[PDB]
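A short write-up of the structure that comes next.
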Amino acid sequence: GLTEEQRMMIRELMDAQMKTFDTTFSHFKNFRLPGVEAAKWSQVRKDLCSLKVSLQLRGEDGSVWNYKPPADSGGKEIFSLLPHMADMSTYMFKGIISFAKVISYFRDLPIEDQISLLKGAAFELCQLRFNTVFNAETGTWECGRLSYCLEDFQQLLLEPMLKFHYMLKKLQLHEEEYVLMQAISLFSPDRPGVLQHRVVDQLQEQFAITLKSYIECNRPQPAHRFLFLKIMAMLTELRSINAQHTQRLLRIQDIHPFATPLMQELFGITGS
Ligand SMILES: O=[S@]1OC[C@@H]2[C@H](CO1)[C@]1(Cl)C(Cl)=C(Cl)[C@@]2(Cl)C1(Cl)Cl
């Protein structure tokens, strides 16, 4: 029940997602692994310990490596998973950049609104992709042969980002709804340094209209009443999570440098 332009819009986004999302993480390799001012630390202490994960690697031969992280003993132990996380983030960010670049609506913006929309939304698009491999019953992100298992209840969902992943997973969205959420978020007319506000705003309104129409054509069940409005509220939450994670990343980077070159680009760090 979508117009021809709407069906075209979904097809192009589904196509860009198919070409740039390595859902089995086959091409993520060469990554680092964990080895074998007072109020600043307390804040970074608080920052890192809210999402503790164990790590699993399944070998191509049938072997398994498992990593249980240290307990908080007040020292540098809390940074042991950071270089690995930054390699995963970088790998995810590359996929996200390729996603934007293959979308015609994105390619037709000026190069400096592109860079500035990407800086605004890279974390949000990455979290949206990670929700699709998140297993809410085991508390696990299943990334191919890599697994990231949350670490022992519902106090765990006090961390807003964990609560976001569980709430988003409960809506049981289709692939099309996920990519439309990525578009609406990528084309946010109000990111720092956007110049073509009006063009980006019309594109966004239009990805939103397609999503509302998609839901109305394909989900008549009483369970998905107001589903479109739940998605828009989740996007608002994610924008907020996104700003909190940016501050926390800069606080950590301030006392313990870890960001990759691509992360420095996306987050304003100049290397000087
Ligand atoms: O790409 S980055 O590195 C991956 C980590 C974070 C996202 O940023 C979180 Cl929040 C998510 Cl999502 C996953 Cl998956 C993990 Cl493992 C946790 Cl720590 Cl749960």
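Note that the numbers count up from 1, one per residue, in the order the chain is shown.
Determination method: X-ray crystallography, 2.5 Å.
Heads up, the Cβ atoms here are built off N, Cα and C, so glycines get one too.
According to Swiss-Prot, the protein carries these features:
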- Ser89, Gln127, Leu128, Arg129, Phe130, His245: hyperforin binding site (BINDING)
Close-lying binding-site residues around ligand 1 among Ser89, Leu128, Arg129, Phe130, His245, where CB distance stays under 6 Å: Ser89, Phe130
Extent of the hyperforin binding site in Å [max Cα distance among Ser89, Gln127, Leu128, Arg129, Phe130, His245]: 17
Cα-to-Cα distance of termini bounding the 17-residue gap, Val36 and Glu37, in Å: 29
Around the Cβ of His245 (hyperforin binding site), the count of other Cβ atoms that are within 10 Å: 16
Local Cβ density at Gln127 (hyperforin binding site) - other Cβ atoms counted within 10 Å: 20
Gap-flanking C-alpha distance, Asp152-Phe153 [4 residues absent from model], angstrom: 7
Neighbour-count leader, CB within 10 A, binding-site residues: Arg129, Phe130: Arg129
Check: same-chain CB within 8 A of hyperforin site center, minus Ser89, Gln127, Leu128, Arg129, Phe130, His245: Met92, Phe123, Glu124, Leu125, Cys126, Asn131
